[PDB]
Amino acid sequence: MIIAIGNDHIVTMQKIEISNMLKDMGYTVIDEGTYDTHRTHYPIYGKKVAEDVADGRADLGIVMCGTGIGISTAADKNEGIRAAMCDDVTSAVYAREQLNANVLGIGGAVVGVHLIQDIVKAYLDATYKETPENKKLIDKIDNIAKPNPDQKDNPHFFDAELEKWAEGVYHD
């Protein structure tokens, strides 16, 4: 099985821990998230991971940022993706069993590594079990957003923002 993983600079070390664990468990990992700890932006990596899963390059995805909120939301805003923001094992298992979530988001700065490992393990170990009820929910979720071909598979989608950042437009 192939797992795509991504992250922002705040939790690169937590990403590395999960990457090592996944490989030890026998998974093939596609590391997309930022590779160092230089200030960057969570949507870039959330989108990369999402497209890997959506295009079939990966079976599931895992994304993290300080709280996980930013990167998991970015991941969710993509065709074919159902991203679940879970800082606990209980909602993570639910996400997989009931919503067939294909991307898991975790807050690397709010959840301790031991618990992050547990969440990831529980999520992966869980299996989606279709029911008339959750099938209806999943259908609704998959049809809320309006597809935008300009965003789909376009890695330059955030270039306008990246340029403005370079020009100092987003100063504090």
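From 1 onward, residues are counted along the sequence shown.
- Looking at mean Cα B-factors across 142-150 and 105-113, the upper value is held by 142-150.
- Stretches 62-70 and 132-140 differ in mean CA B factor, with 132-140 having the higher one.
- Of the candidates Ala160, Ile16, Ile10, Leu22, the PDB record gives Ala160 the highest C-alpha temperature factor.
- Residue-level inspection of the entry shows that, of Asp55, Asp118, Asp31, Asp36, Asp55 has the top Cα B-factor.
- Placement of the Cα temperature factor of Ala166 within the chain: highest third of the modelled residues, per the deposited record.
- Sort the modelled residues of the chain by CA B factor and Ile5 lands in the lowest third.
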